[PDB]
Every structure is written in structure tokens, then in C-alpha cells.
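Student: need a structure here:
(one chain, ligands or ions: 1)
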Amino acid sequence: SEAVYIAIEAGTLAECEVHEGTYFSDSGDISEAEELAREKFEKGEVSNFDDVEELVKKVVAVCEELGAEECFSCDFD
Ligand SMILES: [Zn+2]
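Tutor: Residues are numbered from 1 along each chain as shown. Right below this line is the structure:
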């Protein structure tokens with residue numbers, strides 16, 4: 001599903017645009033990613049027309065699947 005990536009790409013987490021593979025979701029509020037995802041998603045029906053509770057759940061899952069909280073590459077030349 002891409003709807004998730006979009007829901008999260010809508011502004012759920014952040015990743016170094018100079019370091020591909022290195023990501024980092026708003027640390028301190030992982031749930032915020034879901035809520036925000038539900039806000040954008042709900043504030044903008046996606047083609048997939050999936051469920052909010054589903055997206056959010058998938059938003060927290062994906063976000064968690066990224067297990068990223070910083071761009072260690074920031075030190076990797
Ligand atoms: Zn970086």
C-alpha cells in the first residue's frame with residue numbers, strides 16, 4: 001500500500017534528503033505521526049479510499065517499520 005507512505009509522507013516523519021536510507025520520525029511523539037496522518041488523510045480522501053483507523057494504524061506501523069529516529073549518515077561521509 002502506498003496510501004500509507006503518502007499519509008506518512010504527508011508530514012509524519014522526516015529523513016535526511018542527503019542520506020538515502022536514513023530516516024527519523026518526530027521523536028517524543030510517535031503517536032503524533034498517526035494523529036497527523038489521520039488529520040491529513042481525513043482532511044484529504046486518498047484514492048485507495050482506505051479506512052482512517054487503518055491508515056493511522058498503518059502509519060504507526062510503517063513509521064515503526066522504518067525504525068528511524070535520526071540520520072546517522074550525518075556523520076557518515
Ligand atoms: Zn544526514
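
Student: And the helices in this protein, which stretches?
Tutor: Using DSSP state H, the helices found in the chain span residues 2-9, 30-42, 52-65.

Student: Now do the shortest one: which elements does it pack against?
Tutor: Think helix 2-9. helix 30-42, helix 52-65 (3 or more CB pairs under 8 Å, 6 or more residues apart in numbering; DSSP states H and E). Using the backbone N, CA and C atoms, a C-beta is placed for each residue, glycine as well.

Student: List the buried residues for the shortest one?
Tutor: I take that to be helix 30-42. The neighbour-count check on helix 30-42 (16 or more other CB atoms under 10 Å) flags 30, 33-34, 36-41 as buried.

Student: unless I'm mixing things up, residue 34 is touching residue 56, no?
Tutor: Yes: between residue 34 and residue 56 a contact is recorded at 4.2 Å, counting by CB atoms under 8 Å.

Student: Now for residue 30: which residues touch it?
Tutor: Residue 30 sits next to 60, 63-64 when contact means CB atoms under 8 Å, 6 or more residues apart in numbering.

Student: Could you do residue 10 as well?
Tutor: 36-37, 40-41, 44.

Student: As TSV, those residues with distance to the ion would be great.
Tutor: Listed next are the contacts of residue 10 as TSV, based on distance: CB to the ion, whole Å:
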residue	distance to the ion
36	22
37	24
40	25
41	28
44	29
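
Student: And the residue lying closest to residue 32 once chain neighbours are set aside, how close does it get to residue 77?
Tutor: Closest residue to residue 32 apart from its sequence neighbours, by CB to CB, 6 or more residues apart in numbering: residue 26 at 5.8 Å. As judged by CB to CB, to the nearest Å, residue 26 and residue 77 stand 27 Å apart.

Student: Pick out whichever of the two has more residues nearby.
Tutor: Neighbour totals were compared for residue 26 and residue 77, and residue 26 leads with 16 against 3 (other CB atoms under 10 Å).

Student: Around residue 4, count how many other residues there are.
Tutor: A total of 25 residues lie near residue 4 under the criterion other CB under 10 Å.
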